[PDB]
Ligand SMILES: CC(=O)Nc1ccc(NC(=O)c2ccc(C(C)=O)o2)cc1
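Below sits a lone chain in structure tokens, taken as the form solved without the named molecule.
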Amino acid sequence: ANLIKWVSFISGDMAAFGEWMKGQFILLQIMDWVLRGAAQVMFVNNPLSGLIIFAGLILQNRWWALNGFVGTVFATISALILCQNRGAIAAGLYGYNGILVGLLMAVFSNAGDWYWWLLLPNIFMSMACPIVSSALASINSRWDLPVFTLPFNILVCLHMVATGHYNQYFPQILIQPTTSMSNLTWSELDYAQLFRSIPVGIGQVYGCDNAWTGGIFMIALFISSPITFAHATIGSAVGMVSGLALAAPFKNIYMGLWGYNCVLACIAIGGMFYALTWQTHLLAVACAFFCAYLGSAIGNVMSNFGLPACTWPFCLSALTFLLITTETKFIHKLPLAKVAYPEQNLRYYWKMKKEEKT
């Protein structure tokens, strides 16, 4: 029983911890919001999971973790100075874009490790994450649709294309479009790495190509909500099978470059923003297949500009599947105000169902 209580306390949103947090020093609240935003990249509103995510990021590369921390803290500060909202900043909804911006600006920088000047764009871009997010909200809230990772996409694409591979101050890695045909010898497929694509794929959401970091992220997801963990591994599996189907190079599948978009899409559609149902689960799997496929599409499109498909496919596929109108009630699109971790969304669906029956 002590265990049940404790698990209840560490699982979900940790609402009790949030209400306790609403009282202490503003700096400790900022730390809680930073951790919560770090965790919200995978649709998790949990501080302990955020600490676990930061442990994984530190495990992979310290410099990337430092940039991510700077990005999330300055995105939260910018949300505060712009008086965006409390309960959105407090829930970490203004921090995940910042941590992603920091991490993926560190990842794609050709300058090297511990290029301190890289903090200056990271300070800037993170502080622009709320602004753009608010803007997109004013467009998306008309359809009750989430902003998703759109600010990150827009801002990191701006950074990597305005800077490019050839600027003297903030170089980026060289991304070139495919020019020669690559032969895939199916006899050279390594099933060990092919199945490591699931942990690496779930870890690549945050820029990490390490299997252990992916396992740490899965542990965080499981502590938060098992439904998110299941949909995450299913999304990475559909991403790796879709990559196999579209003649993608095996190294890309091994490095999880075909999974992060799919894990995000499967988490979002399957439970997070649609009420969980077998119809909704099938819709989530279909959206994850579409997300991998459109991920290949966007990667090939944006390789011409020297950019990568960072999360664009997730945003596009999730919004497309979240906009569809259906004449069956079993595909229920939850209102944004009533969106929380998928288990609580399912409990809400049940309450609505019973009440309607009566």
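Residue numbers here begin at 1 and follow the sequence given.
Not pictured, yet referred to below: the form deposited with the named molecule bound.
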item	value
Options 48-56, 301-309, 325-333, 26-34; stretch whose heavy atom lies within 4.5 Å of the named molecule in the entry with it bound	301-309
Close approach of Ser317 to the named molecule in the entry with it bound, 4.5 Å, heavy atom	no
Touches the named molecule in the entry with it bound: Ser225 (any heavy atom, 4.5 Å)	no
Non-hydrogen atom contact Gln176 with the named molecule in the entry with it bound at 4.5 angstroms	yes
Contact label in the entry with it bound: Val41 to the named molecule, heavy atom within 4.5 Å	yes
Listed residue (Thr149, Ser197, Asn122, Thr213) with a non-hydrogen atom within 4.5 angstroms of the named molecule in the entry with it bound	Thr149
Residue among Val205, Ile253, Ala106, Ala284 with a heavy atom within 4.5 Å of the named molecule in the entry with it bound	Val205
Sequence-ordered list of residues in 255-275 near the named molecule in the entry with it bound, where near means a heavy atom within 4.5 Å	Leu257, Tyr260, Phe273
